[PDB]
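Reproduced below: upload-v4.pdb, with PDB, C-alpha atoms and all ligand atoms.
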```
ATOM      1  CA  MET A   1       0.000   0.000   0.000
ATOM      2  CA  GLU A   2       0.853   3.672   0.397
ATOM      3  CA  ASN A   3       2.051   3.194   4.022
ATOM      4  CA  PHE A   4       4.042   0.041   3.272
ATOM      5  CA  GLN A   5       7.052  -0.539   1.064
ATOM      6  CA  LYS A   6       6.965  -4.008  -0.472
ATOM      7  CA  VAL A   7      10.274  -5.788  -0.023
ATOM      8  CA  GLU A   8       9.302  -8.927  -1.948
ATOM      9  CA  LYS A   9       6.563 -11.466  -2.616
ATOM     10  CA  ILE A  10       6.286 -13.967   0.256
ATOM     11  CA  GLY A  11       3.710 -16.153  -1.454
ATOM     12  CA  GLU A  12       0.841 -16.375  -3.934
ATOM     13  CA  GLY A  13      -2.227 -17.956  -2.387
ATOM     14  CA  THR A  14      -5.274 -19.006  -4.379
ATOM     15  CA  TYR A  15      -7.237 -16.299  -2.558
ATOM     16  CA  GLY A  16      -4.539 -13.699  -1.933
ATOM     17  CA  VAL A  17      -0.932 -12.636  -2.307
ATOM     18  CA  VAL A  18       1.540 -12.203   0.555
ATOM     19  CA  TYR A  19       4.315  -9.621   0.713
ATOM     20  CA  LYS A  20       7.174  -8.915   3.094
ATOM     21  CA  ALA A  21       6.745  -5.201   3.773
ATOM     22  CA  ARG A  22       8.039  -2.446   6.047
ATOM     23  CA  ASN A  23       5.764   0.001   7.858
ATOM     24  CA  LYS A  24       7.169   3.293   6.457
ATOM     25  CA  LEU A  25       6.315   4.633   9.915
ATOM     26  CA  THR A  26       6.762   2.082  12.739
ATOM     27  CA  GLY A  27       9.778   0.773  10.843
ATOM     28  CA  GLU A  28       8.303  -2.662  11.512
ATOM     29  CA  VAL A  29       8.811  -5.526   9.017
ATOM     30  CA  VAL A  30       5.585  -7.425   8.480
ATOM     31  CA  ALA A  31       3.858  -9.966   6.247
ATOM     32  CA  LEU A  32       1.177  -8.115   4.288
ATOM     33  CA  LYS A  33      -1.609 -10.077   2.691
ATOM     34  CA  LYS A  34      -3.974  -8.405   0.245
ATOM     35  CA  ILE A  35      -7.259 -10.248  -0.254
ATOM     36  CA  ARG A  36      -9.427 -10.226  -3.386
ATOM     37  CA  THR A  41     -14.820  -8.332  -5.374
ATOM     38  CA  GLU A  42     -17.758  -5.941  -4.867
ATOM     39  CA  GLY A  43     -16.619  -4.879  -1.411
ATOM     40  CA  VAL A  44     -15.746  -8.128   0.363
ATOM     41  CA  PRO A  45     -18.597  -9.728   2.416
ATOM     42  CA  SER A  46     -18.916  -8.102   5.848
ATOM     43  CA  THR A  47     -19.894 -11.518   7.215
ATOM     44  CA  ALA A  48     -16.181 -12.361   7.306
ATOM     45  CA  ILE A  49     -15.020  -8.805   7.993
ATOM     46  CA  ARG A  50     -16.376  -9.379  11.496
ATOM     47  CA  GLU A  51     -15.079 -12.951  11.562
ATOM     48  CA  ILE A  52     -11.620 -11.589  10.778
ATOM     49  CA  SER A  53     -11.809  -8.938  13.493
ATOM     50  CA  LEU A  54     -12.242 -11.907  15.812
ATOM     51  CA  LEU A  55      -8.979 -13.587  14.819
ATOM     52  CA  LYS A  56      -7.316 -10.293  15.691
ATOM     53  CA  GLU A  57      -8.080 -11.018  19.344
ATOM     54  CA  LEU A  58      -6.861 -14.604  18.986
ATOM     55  CA  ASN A  59      -3.359 -14.071  20.442
ATOM     56  CA  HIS A  60      -1.102 -16.983  21.489
ATOM     57  CA  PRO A  61       2.668 -17.647  21.238
ATOM     58  CA  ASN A  62       2.036 -20.358  18.640
ATOM     59  CA  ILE A  63      -0.363 -18.364  16.521
ATOM     60  CA  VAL A  64       1.034 -15.817  14.033
ATOM     61  CA  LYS A  65      -0.180 -12.443  15.327
ATOM     62  CA  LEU A  66      -2.662 -10.589  13.163
ATOM     63  CA  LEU A  67      -1.510  -7.012  13.727
ATOM     64  CA  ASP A  68      -3.906  -5.068  11.532
ATOM     65  CA  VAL A  69      -6.907  -5.514   9.297
ATOM     66  CA  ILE A  70      -7.382  -2.840   6.638
ATOM     67  CA  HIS A  71     -10.519  -2.785   4.511
ATOM     68  CA  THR A  72     -10.226  -0.477   1.506
ATOM     69  CA  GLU A  73     -10.848  -0.112  -2.239
ATOM     70  CA  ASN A  74     -12.429  -3.585  -2.679
ATOM     71  CA  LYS A  75      -9.241  -4.955  -1.162
ATOM     72  CA  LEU A  76      -8.738  -6.310   2.326
ATOM     73  CA  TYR A  77      -5.181  -6.272   3.647
ATOM     74  CA  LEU A  78      -4.181  -8.451   6.575
ATOM     75  CA  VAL A  79      -1.037  -7.343   8.357
ATOM     76  CA  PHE A  80       0.765 -10.199  10.157
ATOM     77  CA  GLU A  81       3.923 -10.387  12.266
ATOM     78  CA  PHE A  82       6.708 -11.608   9.971
ATOM     79  CA  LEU A  83       8.597 -14.902  10.487
ATOM     80  CA  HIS A  84      11.576 -15.877   8.334
ATOM     81  CA  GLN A  85      10.819 -19.453   7.336
ATOM     82  CA  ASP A  86       8.025 -21.968   6.973
ATOM     83  CA  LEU A  87       8.072 -25.669   7.820
ATOM     84  CA  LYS A  88       7.853 -26.809   4.183
ATOM     85  CA  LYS A  89      11.138 -25.049   3.329
ATOM     86  CA  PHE A  90      12.646 -26.194   6.620
ATOM     87  CA  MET A  91      11.816 -29.855   5.911
ATOM     88  CA  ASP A  92      13.220 -29.560   2.377
ATOM     89  CA  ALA A  93      16.388 -28.038   3.857
ATOM     90  CA  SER A  94      16.613 -30.931   6.358
ATOM     91  CA  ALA A  95      15.806 -33.738   3.910
ATOM     92  CA  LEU A  96      19.338 -35.157   3.876
ATOM     93  CA  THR A  97      19.588 -35.570   7.630
ATOM     94  CA  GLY A  98      16.001 -35.262   8.780
ATOM     95  CA  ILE A  99      14.735 -32.952  11.499
ATOM     96  CA  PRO A 100      16.093 -34.256  14.842
ATOM     97  CA  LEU A 101      13.383 -35.985  16.905
ATOM     98  CA  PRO A 102      13.608 -33.499  19.802
ATOM     99  CA  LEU A 103      12.802 -30.648  17.382
ATOM    100  CA  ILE A 104      10.013 -32.614  15.713
ATOM    101  CA  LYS A 105       8.569 -33.235  19.191
ATOM    102  CA  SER A 106       8.934 -29.576  20.211
ATOM    103  CA  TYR A 107       7.229 -28.370  17.014
ATOM    104  CA  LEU A 108       4.370 -30.891  17.310
ATOM    105  CA  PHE A 109       3.924 -29.956  21.013
ATOM    106  CA  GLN A 110       3.801 -26.216  20.240
ATOM    107  CA  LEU A 111       1.401 -26.688  17.308
ATOM    108  CA  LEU A 112      -0.913 -28.715  19.559
ATOM    109  CA  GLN A 113      -0.821 -25.863  22.137
ATOM    110  CA  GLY A 114      -1.715 -23.434  19.355
ATOM    111  CA  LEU A 115      -4.606 -25.635  18.244
ATOM    112  CA  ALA A 116      -5.846 -26.318  21.802
ATOM    113  CA  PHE A 117      -6.042 -22.534  22.172
ATOM    114  CA  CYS A 118      -7.780 -21.949  18.794
ATOM    115  CA  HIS A 119     -10.143 -24.818  19.412
ATOM    116  CA  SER A 120     -10.980 -23.744  22.964
ATOM    117  CA  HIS A 121     -11.958 -20.398  21.400
ATOM    118  CA  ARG A 122     -14.126 -22.098  18.781
ATOM    119  CA  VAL A 123     -11.738 -21.231  15.958
ATOM    120  CA  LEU A 124     -10.812 -23.925  13.412
ATOM    121  CA  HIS A 125      -7.743 -23.528  11.169
ATOM    122  CA  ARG A 126      -9.098 -25.748   8.330
ATOM    123  CA  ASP A 127      -5.971 -25.763   6.167
ATOM    124  CA  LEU A 128      -2.888 -26.780   8.097
ATOM    125  CA  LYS A 129       0.040 -27.609   5.783
ATOM    126  CA  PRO A 130       3.825 -27.213   6.205
ATOM    127  CA  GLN A 131       3.757 -23.955   4.208
ATOM    128  CA  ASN A 132       1.332 -22.424   6.728
ATOM    129  CA  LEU A 133       3.531 -23.290   9.722
ATOM    130  CA  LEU A 134       6.125 -20.591  10.393
ATOM    131  CA  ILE A 135       9.312 -20.912  12.405
ATOM    132  CA  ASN A 136      11.912 -18.512  13.823
ATOM    133  CA  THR A 137      15.508 -18.762  15.131
ATOM    134  CA  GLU A 138      14.264 -19.142  18.720
ATOM    135  CA  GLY A 139      12.677 -22.545  18.220
ATOM    136  CA  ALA A 140       9.086 -21.382  17.993
ATOM    137  CA  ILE A 141       6.633 -22.556  15.361
ATOM    138  CA  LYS A 142       3.386 -20.775  14.612
ATOM    139  CA  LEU A 143       0.027 -21.390  12.938
ATOM    140  CA  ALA A 144      -0.570 -18.982  10.051
ATOM    141  CA  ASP A 145      -3.019 -18.433   7.202
ATOM    142  CA  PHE A 146      -6.181 -19.526   9.035
ATOM    143  CA  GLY A 147      -9.550 -18.723   7.489
ATOM    144  CA  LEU A 148      -9.777 -18.272   3.714
ATOM    145  CA  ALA A 149     -12.251 -21.117   3.210
ATOM    146  CA  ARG A 150     -15.216 -19.376   4.843
ATOM    147  CA  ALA A 151     -15.070 -15.886   3.301
ATOM    148  CA  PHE A 152     -15.434 -15.883  -0.499
ATOM    149  CA  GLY A 153     -17.666 -18.951  -0.412
ATOM    150  CA  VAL A 154     -16.670 -21.520  -3.033
ATOM    151  CA  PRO A 155     -15.273 -19.633  -6.078
ATOM    152  CA  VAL A 156     -13.469 -21.213  -9.055
ATOM    153  CA  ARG A 157      -9.803 -20.954  -8.006
ATOM    154  CA  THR A 158      -7.377 -18.107  -8.728
ATOM    155  CA  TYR A 159      -6.447 -15.874 -11.696
ATOM    156  CA  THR A 160      -3.981 -18.120 -13.571
ATOM    157  CA  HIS A 161      -5.092 -21.037 -11.367
ATOM    158  CA  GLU A 162      -2.968 -22.758  -8.706
ATOM    159  CA  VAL A 163      -3.174 -26.394  -7.552
ATOM    160  CA  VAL A 164      -4.519 -26.681  -4.003
ATOM    161  CA  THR A 165      -2.770 -29.307  -1.898
ATOM    162  CA  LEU A 166      -5.104 -32.056  -0.640
ATOM    163  CA  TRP A 167      -2.413 -33.994   1.213
ATOM    164  CA  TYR A 168      -3.450 -32.857   4.708
ATOM    165  CA  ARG A 169      -7.212 -32.944   4.203
ATOM    166  CA  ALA A 170      -9.214 -35.051   6.702
ATOM    167  CA  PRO A 171     -11.298 -37.959   5.330
ATOM    168  CA  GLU A 172     -14.618 -36.493   6.515
ATOM    169  CA  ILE A 173     -13.955 -33.432   4.353
ATOM    170  CA  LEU A 174     -13.168 -35.635   1.333
ATOM    171  CA  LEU A 175     -16.358 -37.631   1.958
ATOM    172  CA  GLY A 176     -18.455 -34.508   1.791
ATOM    173  CA  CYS A 177     -19.147 -33.673   5.416
ATOM    174  CA  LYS A 178     -20.281 -30.044   5.308
ATOM    175  CA  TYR A 179     -19.631 -29.348   8.978
ATOM    176  CA  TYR A 180     -15.924 -29.455   9.864
ATOM    177  CA  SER A 181     -15.025 -29.988  13.485
ATOM    178  CA  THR A 182     -11.819 -29.252  15.386
ATOM    179  CA  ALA A 183     -10.904 -32.813  14.398
ATOM    180  CA  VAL A 184      -9.923 -31.854  10.851
ATOM    181  CA  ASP A 185      -6.964 -29.848  12.198
ATOM    182  CA  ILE A 186      -5.721 -32.779  14.311
ATOM    183  CA  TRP A 187      -5.807 -34.967  11.197
ATOM    184  CA  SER A 188      -3.774 -32.428   9.231
ATOM    185  CA  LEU A 189      -1.269 -32.122  12.049
ATOM    186  CA  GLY A 190      -0.965 -35.887  12.247
ATOM    187  CA  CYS A 191      -0.113 -35.946   8.531
ATOM    188  CA  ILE A 192       2.502 -33.234   9.091
ATOM    189  CA  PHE A 193       4.016 -35.079  12.104
ATOM    190  CA  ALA A 194       4.381 -38.235   9.961
ATOM    191  CA  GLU A 195       5.991 -36.145   7.223
ATOM    192  CA  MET A 196       8.597 -34.574   9.550
ATOM    193  CA  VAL A 197       9.451 -38.091  10.710
ATOM    194  CA  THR A 198       9.733 -39.936   7.399
ATOM    195  CA  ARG A 199      10.708 -36.961   5.245
ATOM    196  CA  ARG A 200       7.942 -37.922   2.799
ATOM    197  CA  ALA A 201       4.344 -36.707   2.536
ATOM    198  CA  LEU A 202       2.115 -39.341   4.157
ATOM    199  CA  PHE A 203      -0.834 -39.076   1.682
ATOM    200  CA  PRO A 204       0.345 -37.229  -1.449
ATOM    201  CA  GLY A 205      -2.927 -37.275  -3.366
ATOM    202  CA  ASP A 206      -3.184 -35.471  -6.671
ATOM    203  CA  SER A 207      -7.013 -35.474  -6.856
ATOM    204  CA  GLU A 208      -9.762 -35.728  -4.288
ATOM    205  CA  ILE A 209     -10.358 -39.380  -5.080
ATOM    206  CA  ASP A 210      -6.655 -40.229  -5.256
ATOM    207  CA  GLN A 211      -6.249 -38.475  -1.863
ATOM    208  CA  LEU A 212      -9.064 -40.489  -0.397
ATOM    209  CA  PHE A 213      -7.782 -43.752  -1.850
ATOM    210  CA  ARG A 214      -4.217 -43.137  -0.681
ATOM    211  CA  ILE A 215      -5.647 -42.759   2.848
ATOM    212  CA  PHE A 216      -7.747 -45.947   2.406
ATOM    213  CA  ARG A 217      -4.716 -47.925   1.119
ATOM    214  CA  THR A 218      -2.713 -47.069   4.176
ATOM    215  CA  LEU A 219      -5.311 -46.998   6.944
ATOM    216  CA  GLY A 220      -7.762 -49.470   5.479
ATOM    217  CA  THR A 221     -11.027 -48.622   3.773
ATOM    218  CA  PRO A 222     -13.232 -47.399   6.658
ATOM    219  CA  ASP A 223     -16.456 -49.226   7.525
ATOM    220  CA  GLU A 224     -19.259 -48.877  10.081
ATOM    221  CA  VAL A 225     -17.175 -50.734  12.680
ATOM    222  CA  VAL A 226     -14.302 -48.229  12.796
ATOM    223  CA  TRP A 227     -16.389 -45.243  11.675
ATOM    224  CA  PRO A 228     -20.109 -45.336  12.563
ATOM    225  CA  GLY A 229     -21.985 -43.368   9.917
ATOM    226  CA  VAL A 230     -19.272 -43.455   7.273
ATOM    227  CA  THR A 231     -21.434 -45.277   4.647
ATOM    228  CA  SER A 232     -24.012 -42.494   4.971
ATOM    229  CA  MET A 233     -21.456 -39.759   4.215
ATOM    230  CA  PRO A 234     -22.495 -37.579   1.213
ATOM    231  CA  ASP A 235     -19.750 -38.722  -1.157
ATOM    232  CA  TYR A 236     -19.334 -42.239   0.113
ATOM    233  CA  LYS A 237     -19.856 -44.882  -2.590
ATOM    234  CA  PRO A 238     -20.475 -48.574  -1.811
ATOM    235  CA  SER A 239     -18.278 -49.159  -4.817
ATOM    236  CA  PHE A 240     -15.124 -47.823  -3.049
ATOM    237  CA  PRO A 241     -12.481 -50.542  -3.154
ATOM    238  CA  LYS A 242     -11.897 -52.328   0.142
ATOM    239  CA  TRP A 243      -8.258 -52.154   1.230
ATOM    240  CA  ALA A 244      -6.886 -53.780   4.362
ATOM    241  CA  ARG A 245      -5.166 -51.628   6.975
ATOM    242  CA  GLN A 246      -1.374 -51.429   7.069
ATOM    243  CA  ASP A 247       0.710 -51.631  10.249
ATOM    244  CA  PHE A 248       1.930 -48.213  11.523
ATOM    245  CA  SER A 249       5.320 -49.832  12.012
ATOM    246  CA  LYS A 250       5.518 -49.838   8.234
ATOM    247  CA  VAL A 251       3.998 -46.331   7.823
ATOM    248  CA  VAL A 252       6.249 -44.112   9.947
ATOM    249  CA  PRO A 253       9.487 -46.009  10.621
ATOM    250  CA  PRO A 254      11.569 -45.505  12.669
ATOM    251  CA  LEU A 255       9.193 -43.559  14.963
ATOM    252  CA  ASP A 256       9.065 -45.049  18.502
ATOM    253  CA  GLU A 257       5.907 -46.645  19.915
ATOM    254  CA  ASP A 258       4.980 -43.497  21.904
ATOM    255  CA  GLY A 259       5.044 -41.482  18.686
ATOM    256  CA  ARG A 260       3.243 -44.152  16.633
ATOM    257  CA  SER A 261       0.604 -44.421  19.368
ATOM    258  CA  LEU A 262      -0.062 -40.636  19.344
ATOM    259  CA  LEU A 263      -0.058 -40.574  15.555
ATOM    260  CA  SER A 264      -2.644 -43.384  15.389
ATOM    261  CA  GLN A 265      -4.915 -41.368  17.677
ATOM    262  CA  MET A 266      -4.501 -38.262  15.491
ATOM    263  CA  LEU A 267      -5.373 -40.367  12.461
ATOM    264  CA  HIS A 268      -8.507 -42.195  13.709
ATOM    265  CA  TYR A 269     -11.108 -42.214  10.930
ATOM    266  CA  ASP A 270     -14.006 -41.298  13.215
ATOM    267  CA  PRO A 271     -13.731 -37.510  13.894
ATOM    268  CA  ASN A 272     -15.340 -38.255  17.270
ATOM    269  CA  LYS A 273     -12.641 -40.779  18.173
ATOM    270  CA  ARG A 274      -9.760 -38.619  16.930
ATOM    271  CA  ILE A 275      -7.723 -37.233  19.839
ATOM    272  CA  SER A 276      -8.249 -33.619  20.823
ATOM    273  CA  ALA A 277      -5.317 -31.147  20.870
ATOM    274  CA  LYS A 278      -5.642 -30.908  24.670
ATOM    275  CA  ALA A 279      -5.571 -34.642  25.254
ATOM    276  CA  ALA A 280      -2.710 -35.059  22.742
ATOM    277  CA  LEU A 281      -0.620 -32.659  24.849
ATOM    278  CA  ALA A 282      -0.946 -35.158  27.717
ATOM    279  CA  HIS A 283       0.235 -38.122  25.623
ATOM    280  CA  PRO A 284       3.331 -39.950  26.969
ATOM    281  CA  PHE A 285       5.194 -39.009  23.776
ATOM    282  CA  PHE A 286       5.678 -35.540  25.278
ATOM    283  CA  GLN A 287       7.048 -36.694  28.628
ATOM    284  CA  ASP A 288      10.590 -35.632  27.609
ATOM    285  CA  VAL A 289       9.705 -32.684  25.346
ATOM    286  CA  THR A 290      12.158 -29.767  25.288
ATOM    287  CA  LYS A 291      12.620 -26.667  23.146
ATOM    288  CA  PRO A 292      15.707 -27.085  20.895
ATOM    289  CA  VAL A 293      16.785 -24.326  18.514
ATOM    290  CA  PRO A 294      16.646 -25.185  14.823
ATOM    291  CA  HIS A 295      19.619 -24.670  12.494
ATOM    292  CA  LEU A 296      18.187 -21.877  10.365
ATOM    293  CA  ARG A 297      19.998 -20.552   7.314
ATOM    294  CA  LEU A 298      18.307 -17.245   6.341
TER     295      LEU A 298
HETATM  296  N1  LIG B   1       3.498 -13.977   8.798
HETATM  297  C1  LIG B   1       4.059 -14.576   7.690
HETATM  298  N2  LIG B   1       5.430 -14.535   7.482
HETATM  299  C2  LIG B   1       5.793 -15.166   6.380
HETATM  300  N3  LIG B   1       7.081 -15.297   5.961
HETATM  301  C3  LIG B   1       7.636 -15.981   4.823
HETATM  302  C4  LIG B   1       7.729 -17.513   5.162
HETATM  303  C5  LIG B   1       8.332 -18.315   3.984
HETATM  304  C6  LIG B   1       9.710 -17.733   3.543
HETATM  305  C7  LIG B   1       9.625 -16.209   3.242
HETATM  306  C8  LIG B   1       9.045 -15.434   4.459
HETATM  307  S1  LIG B   1       4.469 -15.862   5.486
HETATM  308  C9  LIG B   1       3.373 -15.246   6.725
HETATM  309  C10 LIG B   1       1.905 -15.478   6.656
HETATM  310  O1  LIG B   1       1.164 -14.891   7.475
HETATM  311  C11 LIG B   1       1.326 -16.416   5.636
HETATM  312  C12 LIG B   1       1.894 -17.710   5.338
HETATM  313  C13 LIG B   1       1.290 -18.552   4.354
HETATM  314  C14 LIG B   1       0.116 -18.071   3.691
HETATM  315  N4  LIG B   1      -0.442 -16.846   3.964
HETATM  316  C15 LIG B   1       0.145 -16.036   4.912
END
```

Representation of the structure as structure tokens:
Amino acid sequence: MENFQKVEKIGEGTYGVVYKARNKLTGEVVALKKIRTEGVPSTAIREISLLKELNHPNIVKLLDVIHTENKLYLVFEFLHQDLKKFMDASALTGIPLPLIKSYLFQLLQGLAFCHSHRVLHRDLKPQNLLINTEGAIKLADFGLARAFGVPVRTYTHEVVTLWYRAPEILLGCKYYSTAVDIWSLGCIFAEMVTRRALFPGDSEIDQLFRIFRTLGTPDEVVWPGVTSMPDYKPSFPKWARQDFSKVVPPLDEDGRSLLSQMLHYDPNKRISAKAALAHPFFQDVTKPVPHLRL
């Protein structure tokens, strides 16, 4: 804008573009996101003003919300790296387990807070998880799937990642619960551990089937109500479940146990962020500093 000097493009979302920018005045360096319209639905404009009050050490702070000229600009505190780039940078050696554990622990604290305040993230992915030199990791880019309804995509079109999407969303459940964020985090935890996306689907059905091939095609026994889901088809192939020992080696039993609870098919059986924080896997959690090359 006129009060911000754009340093560079931080990212191109399907719904908005993100810039690293300096407040010509406060001298502060921030992440500026301009959102796409007739005047942007006020229904969200009030929903956004809510996230502004949602402050926690593991949630990227929303500093300012500026509504003007058909554009909505979200001003966020700036962090230097995201988890996707960090994992790519650590692919050769892998992120040390104590750091993986610290990150998972902090993200769960962030979610327990969001969830206790009736706020769902809805689109957790490594790219939306920001880290700094002090060992913190923060939830970013929350709601963008509840504002502009269900539009086409984006200008020149960009492929949305389905890899972290919960099965109930893929099966057409219209009402997401806090459980979809736990699922996404479980997928991310597995990914930090194996250094490979857990369910790299390239279509909604391929995403769903990759989940079924690994966790077994769900049925009424493991997921009461699943065969009544909107997009469920009796014709889905029936795959047996694989052993977690094979899915996230060499993760220890404490980790595999927590992961299995984060990946339960039934949203109602899936562990809550709060309960996950009490899992034995975090008995020896610490806060290591990552090796960040900026
Ligand atoms: N606060 C913040 N800092 C960023 N720094 C970036 C991180 C990657 C490397 C360059 C600096 S991105 C970002 C976001 O709020 C954000 C993130 C994803 C999607 N939409 C918004």

**Item:** Answer key for the PyMOL selection byres (((chain A and resi 280) around 12) and not hetatm), residues as a count of residues only
**Value:** 36

Give the residue list for ligand LIG 1 (chain B) at 10 Å, counting all atoms listed in the file, as a PDB file with C-alpha atoms, keeping the file's coordinate frame, sorted by chain and then by residue number.
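So the final result, stored in selection_35.pdb, reads:
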```
ATOM      1  CA  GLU A   8       9.302  -8.927  -1.948  1.00  0.00           C
ATOM      2  CA  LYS A   9       6.563 -11.466  -2.616  1.00  0.00           C
ATOM      3  CA  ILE A  10       6.286 -13.967   0.256  1.00  0.00           C
ATOM      4  CA  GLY A  11       3.710 -16.153  -1.454  1.00  0.00           C
ATOM      5  CA  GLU A  12       0.841 -16.375  -3.934  1.00  0.00           C
ATOM      6  CA  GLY A  13      -2.227 -17.956  -2.387  1.00  0.00           C
ATOM      7  CA  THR A  14      -5.274 -19.006  -4.379  1.00  0.00           C
ATOM      8  CA  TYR A  15      -7.237 -16.299  -2.558  1.00  0.00           C
ATOM      9  CA  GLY A  16      -4.539 -13.699  -1.933  1.00  0.00           C
ATOM     10  CA  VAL A  17      -0.932 -12.636  -2.307  1.00  0.00           C
ATOM     11  CA  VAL A  18       1.540 -12.203   0.555  1.00  0.00           C
ATOM     12  CA  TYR A  19       4.315  -9.621   0.713  1.00  0.00           C
ATOM     13  CA  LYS A  20       7.174  -8.915   3.094  1.00  0.00           C
ATOM     14  CA  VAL A  29       8.811  -5.526   9.017  1.00  0.00           C
ATOM     15  CA  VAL A  30       5.585  -7.425   8.480  1.00  0.00           C
ATOM     16  CA  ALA A  31       3.858  -9.966   6.247  1.00  0.00           C
ATOM     17  CA  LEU A  32       1.177  -8.115   4.288  1.00  0.00           C
ATOM     18  CA  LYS A  33      -1.609 -10.077   2.691  1.00  0.00           C
ATOM     19  CA  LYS A  34      -3.974  -8.405   0.245  1.00  0.00           C
ATOM     20  CA  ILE A  63      -0.363 -18.364  16.521  1.00  0.00           C
ATOM     21  CA  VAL A  64       1.034 -15.817  14.033  1.00  0.00           C
ATOM     22  CA  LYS A  65      -0.180 -12.443  15.327  1.00  0.00           C
ATOM     23  CA  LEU A  66      -2.662 -10.589  13.163  1.00  0.00           C
ATOM     24  CA  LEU A  67      -1.510  -7.012  13.727  1.00  0.00           C
ATOM     25  CA  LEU A  78      -4.181  -8.451   6.575  1.00  0.00           C
ATOM     26  CA  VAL A  79      -1.037  -7.343   8.357  1.00  0.00           C
ATOM     27  CA  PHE A  80       0.765 -10.199  10.157  1.00  0.00           C
ATOM     28  CA  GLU A  81       3.923 -10.387  12.266  1.00  0.00           C
ATOM     29  CA  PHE A  82       6.708 -11.608   9.971  1.00  0.00           C
ATOM     30  CA  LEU A  83       8.597 -14.902  10.487  1.00  0.00           C
ATOM     31  CA  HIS A  84      11.576 -15.877   8.334  1.00  0.00           C
ATOM     32  CA  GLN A  85      10.819 -19.453   7.336  1.00  0.00           C
ATOM     33  CA  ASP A  86       8.025 -21.968   6.973  1.00  0.00           C
ATOM     34  CA  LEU A  87       8.072 -25.669   7.820  1.00  0.00           C
ATOM     35  CA  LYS A  88       7.853 -26.809   4.183  1.00  0.00           C
ATOM     36  CA  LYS A  89      11.138 -25.049   3.329  1.00  0.00           C
ATOM     37  CA  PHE A  90      12.646 -26.194   6.620  1.00  0.00           C
ATOM     38  CA  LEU A 128      -2.888 -26.780   8.097  1.00  0.00           C
ATOM     39  CA  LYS A 129       0.040 -27.609   5.783  1.00  0.00           C
ATOM     40  CA  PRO A 130       3.825 -27.213   6.205  1.00  0.00           C
ATOM     41  CA  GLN A 131       3.757 -23.955   4.208  1.00  0.00           C
ATOM     42  CA  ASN A 132       1.332 -22.424   6.728  1.00  0.00           C
ATOM     43  CA  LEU A 133       3.531 -23.290   9.722  1.00  0.00           C
ATOM     44  CA  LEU A 134       6.125 -20.591  10.393  1.00  0.00           C
ATOM     45  CA  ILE A 135       9.312 -20.912  12.405  1.00  0.00           C
ATOM     46  CA  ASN A 136      11.912 -18.512  13.823  1.00  0.00           C
ATOM     47  CA  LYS A 142       3.386 -20.775  14.612  1.00  0.00           C
ATOM     48  CA  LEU A 143       0.027 -21.390  12.938  1.00  0.00           C
ATOM     49  CA  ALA A 144      -0.570 -18.982  10.051  1.00  0.00           C
ATOM     50  CA  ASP A 145      -3.019 -18.433   7.202  1.00  0.00           C
ATOM     51  CA  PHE A 146      -6.181 -19.526   9.035  1.00  0.00           C
ATOM     52  CA  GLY A 147      -9.550 -18.723   7.489  1.00  0.00           C
ATOM     53  CA  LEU A 148      -9.777 -18.272   3.714  1.00  0.00           C
ATOM     54  CA  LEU A 298      18.307 -17.245   6.341  1.00  0.00           C
TER      55      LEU A 298
END
```

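This file gives the following result for the PyMOL selection byres (((chain A and resi 254) around 12) and not hetatm): residues 98, 101, 194, 196, 197, 198, 199, 248, 249, 250, 251, 252, 253, 255, 256, 257, 258, 259 and 260 of chain A.
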
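From atom CA of residue 124 of chain A back to atom CA of residue 42 of chain A, the distance works out to 26.6 Å.
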
I'd like the box whose edges run along x, y and z of the file and which contains every listed atom of segment 161-174 of chain A, padded by 4 Å per side; could you state its centre and edge lengths in Å, one decimal, as AutoDock Vina command-line options?
```
--center_x -8.5 --center_y -29.5 --center_z -2.3 --size_x 20.2 --size_y 24.9 --size_z 26.1
```

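The space separating atom CA of residue 120 of chain A from atom CA of residue 107 of chain A comes to 19.7 Å.
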
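For segment 178-181 of chain A, the list of residues within 8 Å, based on all atoms listed in the file and with local chain neighbours fewer than 3 positions off taken out, reads residues 124, 126, 172, 173, 184 and 271 of chain A.
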
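Among the candidates A:164, A:219, A:100, A:23, the residue lying nearest to residue 68 of chain A is A:23 (atoms considered: all atoms listed in the file).
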
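Using all atoms listed in the file, the nearest neighbour of residue 247 of chain A within the list A:170, A:176, A:232, A:217 is A:217.
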
**Message:** For residue 49 of chain A, find every residue with an atom within 10 Å (counting only C-alpha atoms), except residues of its own chain fewer than 4 positions away, and show them as a PyMOL selection string.
**Reply:** chain A and resi 44-45+53-54+69-71+76+151

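Here atom CA of residue 4 of chain A is placed at a distance of 24.6 Å from atom CA of residue 158 of chain A.
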
**Prompt:** Quick one: which residues end up in the PyMOL selection byres (((chain A and resi 216) around 10) and not hetatm) for this structure, as a VMD selection string?
**Reply:** chain A and resid 171 203 210 to 215 217 to 222 240 to 246 269

**Fill in**
Across A:7, A:201, A:293, A:48, the smallest distance to residue 95 of chain A, with only C-alpha atoms counted, is shown by A:201
